[PDB]
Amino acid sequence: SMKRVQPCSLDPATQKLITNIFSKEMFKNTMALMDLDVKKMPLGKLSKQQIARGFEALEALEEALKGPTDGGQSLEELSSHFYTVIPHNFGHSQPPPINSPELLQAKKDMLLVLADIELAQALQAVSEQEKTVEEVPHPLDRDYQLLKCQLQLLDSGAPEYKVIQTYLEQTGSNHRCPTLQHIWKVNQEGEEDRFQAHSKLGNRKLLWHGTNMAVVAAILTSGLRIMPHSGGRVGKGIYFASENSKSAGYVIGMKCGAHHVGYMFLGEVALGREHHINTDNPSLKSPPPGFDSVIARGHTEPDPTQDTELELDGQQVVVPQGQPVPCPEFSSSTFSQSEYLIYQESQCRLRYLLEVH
């Protein structure tokens, strides 16, 4: 009646990673960091229904914000309802009334993150196959399997190692230097099929995607997703950066003794015909007709003459390798750094996962 736990098959680096991204503490920290009341709303109580009800509250809230004094219920009152569904903590003071587009998008962001934490929580739920079996896998092995995603750790002697590292350092911040620790090759199986579609679609680049640790698991499972209610300076799509230092701004650092651990994805993106804008536009949901991507061109770009290429699945993929240089053409843009945009999930394939300090 005493089931056996089998020895773990994973190496140390991958154990740490799996530990981190499923860590209850890490999840609770993220929630606290978003002013969520963790005691009034425990990880094991997070439901998709609550999150849905949460979203509805923001929707109604938006109708009031956009609608010129409609005549319905006030922002103050409608906010109270939102907080009633999704408990907040501010040192036991009255939660702040949502009364601005900025704040409306703030709560949507949090709800979207919370959503991927719940996704991770439901992922760990014990099934029946795991109960009828008399020999259970090492907890880390099991969680890793729940991902349904091959993560293969690379080393100093991997073809794409000196490349991903040169990319990292030249584009990163000159001073607050980010430090490479580990690189995992990511074969998210389930993306392979739908990505085949754009095989004729050229112009492929390897771009950065910074993310806080709370959703990393969710992404390793479902891939990058165009979510409802997600907005940005370039509209509703999946955002990428060519400059590392841009994406790392979105990598919330989690403490581990003396160092701050962080994870970043590298993605293969089928950009195709690029549409270059130099001004904000939060209303875009697709490129202009004839275009496959939109690129908010910043004041600088990794020296294009230093570009190199890798071969991923028979395809040449562009990898930036130079320090950012000025682009005189876009010296007056509203973007400091480039923001690459695709508006269909299929144009993106996760290739690499990094740990930095």
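For clarity, a rigid core is taken as the largest C-alpha set superposing within 1.5 Å between two forms. We number the residues from 1 along the sequence you see.
Choosing between 128 to 136 and 200 to 208, the greater Cα displacement from the shown form in 8 other deposited structures of this protein, fitted by the core, goes with 128 to 136. Superposition on the core shows that, in 8 other deposited structures of this protein, the C-alpha atoms drift more in one of 223 to 231 and 140 to 148; this is 223 to 231. Across the other PDB entries of this protein whose models span the neighbouring residues, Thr69 goes unmodelled in a third or more. Once the C-alpha B-factors are averaged per stretch, 40 to 48 and 292 to 300 rank with 40 to 48 first. The PDB entry reports B-factors from which the mean C-alpha value can be compared for 171 to 179 and 225 to 233; the larger average falls on 171 to 179. The entry assigns its greatest Cα B factor, within the set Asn212, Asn187, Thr166, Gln94, to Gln94.
The PDB entry gives the largest Cα B-factor of the residues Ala218, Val251, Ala241, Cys256 to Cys256. Ranked by C-alpha B-factor against the other modelled residues of its chain, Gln316 falls in the middle third.
Among all modelled residues in its chain, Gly54 ranks in the middle third by Cα B-factor. Among the modelled residues of its chain, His88 has a C-alpha B-factor that falls in the lowest third, as given in the PDB entry.
Sort the chain's modelled residues by C-alpha temperature factor and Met2 lands in the highest third, per the entry. Among all modelled residues in this chain, the alpha-carbon of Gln129 has a temperature factor (C-alpha) in the highest third.
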